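Asker:
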Amino acid sequence: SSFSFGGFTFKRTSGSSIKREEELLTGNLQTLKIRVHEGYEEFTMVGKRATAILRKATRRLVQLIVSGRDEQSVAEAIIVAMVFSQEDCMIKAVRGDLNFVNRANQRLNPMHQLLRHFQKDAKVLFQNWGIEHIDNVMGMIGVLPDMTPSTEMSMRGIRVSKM
Ligand SMILES: CN1CN([C@@H]2O[C@H](COP(=O)(O)OP(=O)(O)OP(=O)(O)O)[C@@H](O)[C@H]2O)c2nc(N)[nH]c(=O)c21
Numbered sequence: 321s322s323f324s325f326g327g328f329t330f331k332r333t334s335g336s337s338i339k340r341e342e343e344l345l346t347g348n349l350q351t352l353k354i355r356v357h358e359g360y361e362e363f364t365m366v367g368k369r370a371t372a373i374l375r376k377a378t379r380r381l382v383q384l385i386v387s388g389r390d391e392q393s394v395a396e397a398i399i400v401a402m403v404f405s406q407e408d409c410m411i412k413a414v415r416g417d418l419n420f421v422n423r424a425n426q427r428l429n430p431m432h433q434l435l436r437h438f439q440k441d442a443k444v445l446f447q448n449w450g451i452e453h454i455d456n457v458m459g460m461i462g463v464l465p466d467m468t469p470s471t472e473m474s475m476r477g478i479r480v481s482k483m
């Protein structure tokens, strides 16, 4: 896999997956027909303003370690990764109906619907993601739902490091 999503390039460095189509419902009772990936995979994400290592399994973000130019740039990468992971809690974070369209009046695919939704506002996504205690070693630091750094706690699986 060498591809892109949410304006970041992803390069799979280990693992693999089967796509398996599932219909998932949002709190607004919308069906999203989503090609759910199955298996355990690691990627390097590279954007112009942030890079990250993403480890994930089936509908689960195991770890993301992000290096970004600044706080906005780190958030952007975290949102893309939270959507990419296909997590239940990201789907449950959706508020209202998703009807985004491309500059040619076609519906964005469902993964892009989710992404465009959270790029507009990520408060509910980050608030419902989950918090964990962290070891704070090797220069990894945590990031809280309001993007404040913490050496004690972080959004689950999310670390920030410039090393
Ligand atoms: C969640 N994803 C998404 N993804 C890939 O990310 C790329 C961008 O997704 P997209 O443009 O929404 O999908 P599209 O091109 O319509 O294909 P698809 O319908 O397979 O998502 C696709 O190549 C898709 O396979 C993935 N690739 C791997 N290896 N593992 C994964 O978990 C995922």
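In the entry's author numbering, the protein residues as written are 321 to 483.
Beta carbons: idealized from backbone N, C-alpha and C, even for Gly.
What does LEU344 pair with, by DSSP beta-bridge criteria?
Answerer: In the DSSP output, where bridge partners are listed per residue, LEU344 has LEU352.
Asker: Is any heavy atom in ligand 1 found nearer than 8 Å to the beta carbon of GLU342?
Answerer: No, Cβ of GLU342 sits at least 8 Å from all heavy atoms of ligand 1.
Asker: Just to confirm before moving on: does the CB-CB distance between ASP417 and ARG379 stay below 9 Å?
Answerer: Not a contact, by the Cβ cut-off of 9 Å.
Asker: Any heavy atom of ligand 1 closer than 8 Å to the CB of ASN429?
Answerer: Correct: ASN429 has its Cβ closer than 8 Å to ligand 1.
Asker: Which residue from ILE411, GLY359, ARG389 puts its Cα closest to that of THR346?
Answerer: If we check each option's Cα against that of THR346, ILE411 comes out closest.
Asker: Which of the three DSSP states, helix, strand or coil, is assigned to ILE454?
Answerer: If DSSP states are grouped into helix, strand and coil, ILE454 belongs with coil.
Asker: Thinking just about the alpha-carbon of each residue, which of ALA424, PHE446, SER474, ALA370 is nearest to the one in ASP390?
Answerer: The candidate whose alpha carbon is nearest that of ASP390 is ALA370.
Asker: What does DSSP give as the partner residues of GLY462 in its beta bridges?
Answerer: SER470.
Asker: If you pair each beta-carbon of the stretch 434 to 450 with each one of the stretch 393 to 404, do three or more pairs fall below 8 Å?
Answerer: Yes, the stretch 434 to 450 touches the stretch 393 to 404.
Asker: Can you determine whether any heavy atom of ligand 1 sits closer than 8 Å to the C-beta of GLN406, and answer yes or no?
Answerer: Under cutoff, so the answer is yes.
Asker: Is the closest heavy atom of ligand 1 to the C-beta of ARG375 under 8 Å?
Answerer: Because no heavy atom of ligand 1 lies under 8 Å away, the Cβ of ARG375 does not count as near it: no.
Asker: Alpha carbon to alpha carbon, what distance is there between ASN429 and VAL356?
Answerer: Going by the C-alpha atoms only, they are around 13 Å apart.
Asker: Please confirm whether any heavy atom of ligand 1 lies closer than 8 Å to the CB of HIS437.
Answerer: Every heavy atom of ligand 1 is 8 Å or more from the Cβ of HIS437, so no.
Asker: State yes or no: is the C-beta of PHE363 within less than 9 Å of the C-beta of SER321?
Answerer: In this structure, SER321 lies closer than 9 Å to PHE363 by Cβ.
Asker: Among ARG332, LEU384, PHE438, which residue has its Cα nearest to the Cα of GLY462?
Answerer: When each option's Cα is compared against that of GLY462, the closest is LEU384.
Asker: From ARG436 to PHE420, what distance separates their C-alpha atoms?
Answerer: So the alpha carbons of these two residues sit roughly 8 Å apart.
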